[PDB]
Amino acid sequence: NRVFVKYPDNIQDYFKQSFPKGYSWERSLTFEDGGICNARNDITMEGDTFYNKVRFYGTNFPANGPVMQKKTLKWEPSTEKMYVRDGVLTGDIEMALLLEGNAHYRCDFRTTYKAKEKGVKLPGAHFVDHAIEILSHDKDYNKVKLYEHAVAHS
């Protein structure tokens, strides 16, 4: 949820300007070994609470690969490029998962973001730096505590 970004005063904040009605995003994750995920979130707001309706579908992950074998460690901090693509606010990023055994597993992301209200002004092209990390978890990841920090610039 890109509403949780520190936007400076000289960049238009599409995400905070999308409320109270909300916005939605649609994302493709394409991994180096052919794994592919499609993810989407509908984000609304009621009072002080953001509500998220999330769907996640992944396929074509090799049985012997690091995703099905549970060999990942963390995502590396990275920078999303925000720009208008065919009239829709779009973010592209090249992300990387650290694996066991001094290796990385790369993934391209494209996300489109759509304000629910017509007439929300599209921003100029900029960047969003972020880092995401699991702070704690159960042995089988039945319970996970997650944290993210993000800042927009340029």
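The first residue of the sequence shown is number 1, and the count goes up from there.
Report task. Identify the stretch, either 27-35 or 40-48, whose C-alpha atoms have the larger mean B-factor according to the entry. Result -> Between 27-35 and 40-48, it is 27-35.
Query raised in the report: With respect to the C-alpha temperature factors reported in the PDB entry, which of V128, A115, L122, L97 ranks highest?
Result: The record points to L122.
Query - CA B-factor ranking of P66, expressed as a third of its chain - result: According to the entry, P66 has a C-alpha B-factor in the chain's lowest third.
Query - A103 CA temperature factor, ranked by third within the chain - result: Its C-alpha B-factor, which the entry lists for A103, ranks in the middle third among residues of this chain.
**Report entry** Within-chain third of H149 by Cα B-factor, per the entry
**Finding:** Top third by C-alpha B-factor.
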